[PDB]
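K.L.:
Below is a structure I'd like to ask you about.
Protein chains: 2
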Amino acid sequence: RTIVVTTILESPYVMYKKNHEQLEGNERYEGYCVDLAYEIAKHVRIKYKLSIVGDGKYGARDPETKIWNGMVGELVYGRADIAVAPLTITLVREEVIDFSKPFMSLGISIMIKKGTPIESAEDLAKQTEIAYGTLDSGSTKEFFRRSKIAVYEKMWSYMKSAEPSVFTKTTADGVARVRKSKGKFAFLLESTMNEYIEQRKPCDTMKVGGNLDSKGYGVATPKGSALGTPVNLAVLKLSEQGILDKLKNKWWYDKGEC
Amino acid sequence: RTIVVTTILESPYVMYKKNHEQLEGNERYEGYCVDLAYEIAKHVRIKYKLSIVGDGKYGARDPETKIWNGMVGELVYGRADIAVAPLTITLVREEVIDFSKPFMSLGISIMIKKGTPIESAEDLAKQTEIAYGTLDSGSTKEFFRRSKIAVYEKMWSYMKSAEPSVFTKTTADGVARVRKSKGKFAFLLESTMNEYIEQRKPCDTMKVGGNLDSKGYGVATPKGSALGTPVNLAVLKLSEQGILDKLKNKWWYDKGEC
Ligand SMILES: C=C(C)[C@H]1CN[C@H](C(=O)O)[C@H]1CC(=O)O
Ligand SMILES: C=C(C)[C@H]1CN[C@H](C(=O)O)[C@H]1CC(=O)O
Ligand SMILES: [Zn+2]
Ligand SMILES: [Zn+2]
Numbered sequence: 004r005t006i007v008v009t010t011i012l013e014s015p016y017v018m019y020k021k022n023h024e025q026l027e028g029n030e031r032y033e034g035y036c037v038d039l040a041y042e043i044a045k046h047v048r049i050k051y052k053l054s055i056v057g058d059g060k061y062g063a064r065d066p067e068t069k070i071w072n073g074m075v076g077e078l079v080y081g082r083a084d085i086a087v088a089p090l091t092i093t094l095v096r097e098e099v100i101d102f103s104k105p106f107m108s109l110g111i112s113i114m115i116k117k118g119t120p121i122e123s124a125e126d127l128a129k130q131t132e133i134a135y136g137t138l139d140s141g142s143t144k145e146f147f148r149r150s151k152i153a154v155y156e157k158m159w160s161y162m163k164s165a166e167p168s169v170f171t172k173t174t175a176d177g178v179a180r181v182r183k184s185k186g187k188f189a190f191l192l193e194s195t196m197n198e199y200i201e202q203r204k205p206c207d208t209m210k211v212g213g214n215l216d217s218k219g220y221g222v223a224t225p226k227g228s229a230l231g232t233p234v235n236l237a238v239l240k241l242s243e244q245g246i247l248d249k250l251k252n253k254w255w256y257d258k259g260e261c
Numbered sequence: 004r005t006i007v008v009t010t011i012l013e014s015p016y017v018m019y020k021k022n023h024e025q026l027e028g029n030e031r032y033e034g035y036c037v038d039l040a041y042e043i044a045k046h047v048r049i050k051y052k053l054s055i056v057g058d059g060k061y062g063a064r065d066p067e068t069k070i071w072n073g074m075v076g077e078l079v080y081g082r083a084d085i086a087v088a089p090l091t092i093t094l095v096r097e098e099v100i101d102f103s104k105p106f107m108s109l110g111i112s113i114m115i116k117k118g119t120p121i122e123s124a125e126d127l128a129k130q131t132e133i134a135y136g137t138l139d140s141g142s143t144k145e146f147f148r149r150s151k152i153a154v155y156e157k158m159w160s161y162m163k164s165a166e167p168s169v170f171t172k173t174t175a176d177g178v179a180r181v182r183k184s185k186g187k188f189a190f191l192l193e194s195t196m197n198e199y200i201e202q203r204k205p206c207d208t209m210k211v212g213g214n215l216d217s218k219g220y221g222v223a224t225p226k227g228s229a230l231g232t233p234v235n236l237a238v239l240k241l242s243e244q245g246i247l248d249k250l251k252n253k254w255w256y257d258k259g260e261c
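Protein sequences, first through last, are from chains A and A'. A prime marks a further copy of an entry chain.
Going by the authors' numbering, 110 is the number at position 107 of the first sequence; the sequence numbering is gapless.
Going by the authors' numbering, 190 is the number at position 187 of the second sequence; the sequence numbering is gapless.
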């Protein structure tokens with residue numbers, strides 16, 4: 004009856020409210036994906052509880068054990084009914100779960116500390132003074148690992164071998180490292196997170212260049228689920244009523260500090 | 004065995020080749036969607052024939068007869084196996100056919116003759132010296148007809164009553180009218196077509212402002228079809244190998260005359 008909605012902490016998708024320790028259930032959280040889940044559940048007519056995925060991951064299949072981890076795995080093993088999170092719609096994920104049409108459009112992009120002499124991936128690639136890396140795991144690393152475009156192969160090889168490690172564990176950590184490296188570290192991350200950070204104090208970062216690819220986040224459900232279709236139509240309706248635009252503006256720009 | 008792929012003439016998606024009258028079958032045509040259909044059919048492993056939809060329409064349901072027209076209707080009535088066209092992924096369409104994940108991202112946008120004093124929808128809305136309209140039918144008209152955002156309601160009402168008619172029958176006609184109206188007509192059309200035209204002689208138009216919405220084109224198949232899933236994974240794979248980016252650059256920018 005009460006559906007399980009798996010999600011994950013990632014600003015401004017899902018964040019603890021100010022006095023979350025005094026709160027219970029869904030009231031503990033706020034953010035874009037909290038509002039989205041509310042709006043979706045309103046259209047599909049379901050009661051639900053948000054659960055933070057236990058292992059803090061998005062969804063990948065271990066090559067050895069073949070187990071899917073993260074929110075994807077919660078869905079694959081039947082421990083959750085829906086995942087509402089900045090979950091990149093990728094082929095390997097689409098093979099084992101169902102994604103709604105994108106609720107947000109995005110692309111891989113470059114974050115620099117203001118003043119860094121870099122405008123594009125090409126600038127990064129033809130040098131090593133300024134180091135650069137992606138998150139340790141996730142779709143961006145995967146984009147680079149799999150590319151057959153020369154510029155991107157060049158970048159993957161560099162990152163793959165760079166010492167010490169150019170990869171970071173979280174968005175926060177990548178941002179901290181740009182911010183501390185005095186212009187000697189650029190972070191490669193989804194354009195959505197990049198744009199959000201740009202609008203946050205100390206306002207010392209910026210997104211430069213166009214995106215490297217074009218993709219989307221989708222709401223995910225287990226294959227064969229009876230919520231699959233209604234959730235899909237819910238996203239499209241929300242997109243069409245301008246609610247997805249309204250929410251993005253709310254969480255990214257209305258609150259903008261720069 | 005040989006699957007029917009319904010499509011439609013619309014530059015640079017599908018166009019007659021130079022000597023099409025001397026050619027047969029699929030060889031008559033070229034463009035982005037011709038290349039896409041080739042690439043998809045290669046991954047899904049099917050032989051196919053491109054058929055130009057008979058009634059020159061995309062897909063809407065007549066309110067009186069309840070018949071679906073256009074490429075959508077070819078799919079709904081079983082006369083075609085797949086539609087590969089700049090077919091906007093919309094809720095009313097998604098209710099009766101299956102769309103792949105978007106192969107192209109886009110939004111409603113503004114086309115002006117160079118020099119026109121207009122930067123945004125707001126500028127258009129607060130005046131009448133410069134007339135403006137959309138295609139007679141299609142998803143853009145529908146966006147305006149259904150909006151509950153004030154600026155857009157204002158624009159729909161104006162367009163709805165403007166004399167003579169601000170609506171045009173085709174992309175070509177809308178472009179011609181901008182081009183001839185000496186800065187007194189702006190055309191509201193999908194950002195994809197807008198960007199393509201901007202790169203064509205006489206180079207006297209331009210896209211101004213951001214887009215009014217965010218959506219995509221999807222490849223469409225009948226509900227319950229066994230090609231639905233493989234086509235969906237085909238688009239994602241192509242997106243992921245950078246083939247959709249390569250094709251867009253090919254048909255929009257490589258050939259750019261401005
Ligand atoms: C925040 C993380 C780790 C997620 C969010 N979208 C990607 C995902 O769905 O894999 C990841 C980021 C990226 O790989 O840059
Ligand atoms: C070219 C046309 C009439 C099509 C293409 N995409 C929209 C569709 O799928 O409805 C239409 C354009 C638009 O309404 O501005
Ligand atoms: Zn706390
Ligand atoms: Zn001809």
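Even for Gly, the Cβ is constructed at its ideal location relative to N, Cα and C.
Could you spell out the range, first to last residue, of the alpha helix (DSSP H) harbouring residue 177 of chain A'?
P.N.:
From DSSP, the alpha helix (DSSP H) with residue 177 of chain A' extends over 174-183.
K.L.:
Could you check whether residue 211 of chain A' and residue 113 of chain A' sit closer than 8 Å to each other, using their CB atoms as the reference points?
P.N.:
Their beta carbons are under 8 Å apart, which means residue 113 of chain A' touches residue 211 of chain A' by this criterion.
K.L.:
For residue 218 of chain A, decide whether its Cβ has a neighbour in chain A', counting only Cβ atoms nearer than 8 Å.
P.N.:
By this cut-off, residue 218 of chain A is an interface position.
K.L.:
Using C-beta distances below 7 Å, list every residue in its chain close to residue 177 of chain A, excluding the 5 sequence neighbours before and after it, in chain order.
P.N.:
Excluding residues within five positions, the ones whose Cβ falls inside 7 Å are 138, 171, 190, 192.
K.L.:
In chain A', which residues lie with their C-beta within 8 Å of the C-beta of residue 235 of chain A?
P.N.:
In chain order: 97.
K.L.:
Within 7 Å: the Cβ of residue 19 of chain A' and any heavy atom of ligand 4?
P.N.:
Flag set: Cβ of residue 19 of chain A' near ligand 4.
K.L.:
Can you give me the start and stop residues for the alpha helix (DSSP H) that residue 160 of chain A sits inside?
P.N.:
Looking at the DSSP string, the run of the alpha helix (DSSP H) that includes residue 160 of chain A is 153-164.
K.L.:
Can a CB atom of chain A' be found closer than 8 Å to the CB of residue 226 of chain A?
P.N.:
Closer than 8 Å: no.
K.L.:
Taking 8 Å as the threshold (beta carbon to beta carbon), is residue 245 of chain A in contact with chain A'?
P.N.:
So yes, residue 245 of chain A belongs to the interface.
K.L.:
My understanding is that residue 11 of chain A touches residue 134 of chain A, with C-beta atoms under 8 Å, so please give their C-beta distance in whole angstroms.
P.N.:
Incorrect: roughly 28 Å between the Cβ atoms, too far for contact.
K.L.:
Look up residue 225 of chain A in the DSSP assignment and say whether it is helix, strand or coil.
P.N.:
Reduced to three states, the DSSP call for residue 225 of chain A is strand.
K.L.:
In terms of alpha-carbon separation, which member of A':68, A':198, A':53, A':73 lies closest to residue 263 of chain A'?
P.N.:
Outside the displayed range of chain A' (4 to 261) lies residue 263 of chain A', so it cannot be described from this structure.
K.L.:
Quick check: is any heavy atom of ligand 4 less than 7 Å from the C-beta of residue 24 of chain A'?
P.N.:
Within the cutoff, so yes.
K.L.:
With a threshold of 7 Å (Cβ to nearest heavy atom), would residue 199 of chain A be considered close to ligand 1?
P.N.:
No - ligand 1 has no heavy atom lying nearer than 7 Å to the Cβ of residue 199 of chain A.
K.L.:
So does residue 89 of chain A have its beta carbon nearer than 7 Å to some heavy atom of ligand 1?
P.N.:
Indeed, a heavy atom of ligand 1 lies less than 7 Å from the Cβ.
K.L.:
At a CB-CB cut-off below 7 Å, which residues of chain A' make contact with residue 70 of chain A?
P.N.:
Residues of chain A' passing the Cβ test: none, with the nearest at roughly 22 Å.
K.L.:
What are the residues in the segment 64-91 of chain A' lying within 9 Å of chain A by C-beta distance?
P.N.:
Listed by position, the residues of the segment 64-91 of chain A' near chain A (Cβ gap below 9 Å) amount to none.
K.L.:
Taking Cβ positions only, does residue 253 of chain A come closer than 8 Å to chain A'?
P.N.:
Chain A' contact via Cβ: absent.
K.L.:
Quick one: measure Cβ to Cβ for residue 175 of chain A' and residue 154 of chain A', integer angstroms, because I've assumed they're closer than 8 Å.
P.N.:
28 Å between Cβ atoms; not a contact.
K.L.:
So which residues of chain A does residue 152 of chain A' contact, with C-beta pairs closer than 7 Å?
P.N.:
Per Cβ cutoff of 7 Å: 245.
K.L.:
Identify the contact partners of residue 320 of chain A' in chain A, using a Cβ-Cβ distance below 7 Å as the criterion.
P.N.:
A question about residue 320 of chain A' goes unanswered here, because the residues of chain A' that appear run from 4 up to 261.
K.L.:
Find the residues of chain A' that neighbour residue 239 of chain A, judging by a C-beta separation of less than 8 Å, and give them in chain order.
P.N.:
Ordered by position in chain A', the residues that pass the 8 Å Cβ test against residue 239 of chain A are 92, 93, 94, 97.
K.L.:
Classify residue 58 of chain A' as buried or exposed, calling it buried when 16 or more other Cβ atoms lie within 10 Å of its own Cβ.
P.N.:
Classification for residue 58 of chain A': exposed.
K.L.:
Output the distance between the C-alpha atoms of residue 187 of chain A and residue 156 of chain A, rounded to the nearest integer angstrom.
P.N.:
One C-alpha to the other measures close to 21 Å.
K.L.:
Pick out whichever of A':55, A':36, A':205, A':22 has its Cα sitting closest to the Cα of residue 254 of chain A'.
P.N.:
Cα-wise, what sits closest to residue 254 of chain A' is A':36.
K.L.:
Assign residue 79 of chain A' to one of three DSSP states: helix, strand, or coil.
P.N.:
DSSP places residue 79 of chain A' in helix when its eight states are reduced to three.
K.L.:
Output the distance between the C-alpha atoms of residue 56 of chain A' and residue 75 of chain A', rounded to the nearest integer angstrom.
P.N.:
Roughly 10 Å separates the two Cα atoms.
K.L.:
Take residue 47 of chain A' and list the residues in its own chain whose beta-carbon comes closer than 7 Å to its own, dropping the five residues that flank it on each side.
P.N.:
If we look at residue 47 of chain A' and ignore the five residues flanking it on each side, its Cβ neighbours are 230, 233, 234, 237.
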